[PDB]
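Chains as they are written, first to last, in full-length UniProt numbering: chain A, 154 to 204; chain B, 103 to 204; chain C, 52 to 153; chain D, 52 to 153; chain E, 77 to 152; chain F, 77 to 152. Ideal placement from N, C-alpha and C gives every residue a C-beta, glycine not left out.
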């Protein structure tokens, strides 16, 4: 009747880094976009000053 | 040994249920986890007694490497405000100096 | 033929909840501590419908705090107080209906 | 057949609130300390509607101070006094209506 | 014999559920399926009614079960 | 002799399955093959009925078997 479970699935140490690099990379995207927005607004303001 | 039965059943279904979800759903959704877990556990424990639990996750720890990547987001969102404020300061300073030169 | 079952307090009580680590919607790792007020409605249920009332309340509240703070921005838990309260009680009240008010 | 229940003071009392760390609306980490005045209206409720009045008042006030200062700029924290008071009492008065005035 | 029909100060002292009986309130969110939540003081209490009642109706408490309050509409 | 037909406070105290008898609820998901789940409180309970019932029907509990609740449609 078991409903056979796998209690735990361990990869070795080498594979874990490769597996969580995905989510680290997905996090860097948000930071990059936010920095881009900051740059955009700063440039607009400086242009007004120069005008 | 009721204790072992319940413990192994719940530790069974938690792994699969959290595996079909992303990390951010693990942060905000509570009703869905509960309903999906009981839809199996209730049929498993029908011969004995109710699993009224409302299964909680008390804590979700990522390792040390992932925490830096996770809070870099909010650090980056903070730098934006400072950058904009500095830009405004520069703008006003330049206008005043231009008046002086005129 | 008659003896005394248990002694039931009927006054509001302050109940600490131990330190806790939560992840915000912005993926921010913060640590919080919380306090609770508990009152027992005159029902005898609080004596016979659960064992160890303290653990039940503590685990229920530490349950819902994590999820509720996880569906909120970090700046929401700095200014909003009514919303946190209402969202928490909308679940805790149904959980503790068999015993006494939260 | 009659004995003395408790002794109720009926004069304004100064009540310290321990040091506290709060985050402003500008995301500024500051530390504050606060004081309280408590008066007991002649009601006997202050003897039988709560245990340990001191803890109740202290935790309630340390509760609302954090949120109230969190919805304010850091400069409002320097000049506005009536607003802080009114916003705090609008909640604390409803919380302590069963006992005595804050 | 002395307690009943003569003394009521302690009877209404330390029982909140009987205190809330007869009070009047208003609703901010409509009841769905005859059940919802209502703001009292600074907290909320669960409420149940016979029929679905919309937002913004005067209601009055009748009885208490567990911690759930029975409410019914009352004219102003 | 005293217990039966006279005292019922403890009889309804510590048995939940008999508490749920007679209560009314509504369904959010249709029953397939005469079996499904229904939300009670903040959790869910397994339910079984004689015929397939669609989403959004008023139902009432009749009997309990194991932890499964027998439900049947009831008019409002």
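- The beta carbon of residue 149(C) sits closer than 6 Å to the beta carbons of 96 and 100 from its chain, once the five residues preceding and following it are set aside; these are given in chain order.
- In the DSSP assignment, residue 146(E) forms a beta bridge with 124(E).
- Under the three-state reduction of DSSP output, residue 84(D) falls in the strand class.
- The shortest C-alpha to C-alpha distance from residue 204(A) to any of 157(B), 194(B), 121(B) and 141(B) is the one to 194(B).
- DSSP assignment within the region 81-140 of chain F yields the following whole alpha helix (DSSP H) runs of 4 residues or more, N-terminal first: 92-95.
- Residue 75(C) counts as buried, since no fewer than 16 other beta carbons sit within 10 angstroms of its beta carbon.
- Within chain B, the residues whose beta carbon sits less than 7 Å from that of residue 195(A) are 185, 186 and 189, listed in sequence order.
- Residue 98(C) is a Cβ neighbour of residue 59(C), given a cutoff of 8 Å.
- The beta carbon of residue 154(A) sits closer than 7 Å to none of the beta carbons in its chain outside the five residues before and after it.
- Within its own chain, the residues whose Cβ lies closer than 6 Å to the Cβ of residue 117(C), once the five positions on either side in sequence are excluded, are 73, listed in chain order.
- Boundaries of the alpha helix (DSSP H) harbouring residue 129(D): 127-130, taken from the DSSP string.
- In this structure the region 131-141 of chain C does not touch the region 132-147 of chain B; the number of beta carbon pairs closer than 8 Å is below three.
- Bridge pairing for residue 68(D): 85(D) [DSSP].
- Taking residue 111(C) as reference, the option from 146(F), 132(F), 118(F) and 129(F) with the minimal CA-CA separation is 118(F).
- Looking from the CA of residue 62(D), the closest CA among 77(D), 92(D), 103(D) and 124(D) belongs to 92(D).
- For residue 79(D), the CB contacts under 6 Å within the same chain, skipping 5 residues up- and downstream, are 125 in chain order.
- Ranked by how close their Cα comes to the Cα of residue 102(D), the residues 83(C), 69(C) and 90(C) have 90(C) in first place.
- Residue contact with chain B for residue 167(A): absent (no Cβ-Cβ distance below 8 Å to any residue of chain B).
- When CB distances to chain C are screened at a threshold of 8 Å, the residues of the region 86-117 of chain D falling below it are 99, 100, 101, 102, 103, 106, 107, 110, 114 and 115, in chain order.
- Across the region 109-132 of chain E, CB contacts with chain D closer than 7 Å involve 117 and 118, in sequence order along the chain.
- Boundaries of the alpha helix (DSSP H) harbouring residue 182(B): 166-203, taken from the DSSP string.
- When 142(F), 96(F) and 147(F) are compared, the shortest CA-CA separation from residue 133(F) is found for 147(F).
- At least 8 Å separates the CB of residue 138(B) from every CB of chain C.
- Closer than 8 Å to the CB of residue 141(C) there is at least one CB belonging to chain E.
- Across the structure, residue 123(D) and residue 202(A) are spaced so that their CA atoms are roughly 31 Å apart.
- Among the residues of the region 143-172 of chain B, those with a Cβ less than 9 Å away from any Cβ of chain F are 144, 145, 147, 148, 149, 150, 151, 152, 153, 154, 155 and 156, in the order of the chain.
- With a threshold of 8 Å between beta carbons, residue 140(F) makes no contact with chain B.
- Within chain D, the residues whose beta carbon sits less than 9 Å from that of residue 89(E) are 95, 96, 99 and 100, listed in sequence order.
- With respect to residue 178(B), residue 187(A) sits close: the two C-beta atoms are nearer than 8 Å.
- In this structure, residue 145(F) lies near residue 137(F), with their beta-carbon atoms less than 8 Å apart.
- The straight-line gap separating the alpha-carbon atoms of residue 166(A) and residue 184(B) is approximately 40 Å.
- Around the Cβ of residue 84(E), a 10 Å sphere holds fewer than 16 other Cβ atoms; the residue is exposed.
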